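Asks: Protein chains in written order, with the authors' numbering: chain G, 335 to 445; chain O, 299 to 347. All C-beta atoms in this analysis are idealised placements derived from N, C-alpha and C, irrespective of residue type, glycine included.
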């Protein structure tokens, strides 16, 4: 309620509760958080630019090709991480309002 | 070199409803039979020849 801006709007009521009777040894009570946010875009955003910083210049790469890997694979790992950061950014702040194909049928015309 | 990927497209099918019949009982019957016919029962024949 006080943090409506921090939830995605087309998954309703974004919480999984669960309660155990038994606390961790040496704590009278505790809770565990597992949160799934768009915010993780940040990880894949930083790592895929640092990765293009490397493979764009074949830097550090002779050590790995030198074990039987190929340049196609660096491209496919990259292709996918860039695709992946584009999927998390597609859903970063994605509407509960309809998405796309906004075209229509007209009015009847004199003959 | 062209650097890899960077392209997805949304997993999205818009929602609608089709052939949802308005089958409520609100006008569910029309049949009728009258509460009997009109008759006379109050009068004698007085048939004294």
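Buried or exposed: where does residue 382 of chain G fall if 16 or more other Cβ atoms within 10 Å of its Cβ makes it buried?
Replies: buried
Asks: Between the Cα of residue 425 of chain G and the Cα atoms of G/351, G/387, G/444, G/374, which residue gives the shortest distance?
Replies: Checking every option, the nearest Cα to that of residue 425 of chain G belongs to G/374.
Asks: For residue 301 of chain O, decide whether its Cβ has a neighbour in chain G, counting only Cβ atoms nearer than 8 Å.
Replies: Closer than 8 Å: yes.
Asks: Starting from the Cα of residue 419 of chain G, find the closest Cα among G/392, G/378, G/388 and give me that residue.
Replies: Among G/392, G/378, G/388, the Cα nearest to that of residue 419 of chain G is on G/378.
Asks: Scan the segment 432–444 of chain G for residues whose Cβ lies nearer than 9 Å to a Cβ of chain O and list them as they occur along the chain.
Replies: 432, 433, 434, 435
Asks: Can the beta-carbon of residue 417 of chain G be found closer than 8 Å to that of residue 305 of chain O?
Replies: yes
Asks: If the cut-off is 7 Å on Cβ atoms, which residues from the segment 413–433 of chain G count as contacting chain O, listed in chain order?
Replies: 413, 414, 416, 417, 420, 421, 424, 432, 433
Asks: With a threshold of 7 Å (Cβ to nearest heavy atom), would residue 334 of chain O be considered close to the ligand ZN?
Replies: In terms of ligand content, the structure shown is empty, and the ligand ZN therefore cannot be addressed.
Asks: Are the beta-carbon atoms belonging to residue 312 of chain O and residue 412 of chain G less than 8 Å from one another?
Replies: no
Asks: Classify residue 344 of chain G as helix, strand or coil using the three-state DSSP reduction.
Replies: coil
Asks: When we look at the beta-carbon of residue 415 of chain G and count the other beta-carbons within 10 Å, is it buried (16 or more) or exposed?
Replies: buried
Asks: Give me the chain O residues within the contact set of residue 390 of chain G, using Cβ-Cβ distance strictly less than 9 Å, ordered along the chain.
Replies: 299, 301
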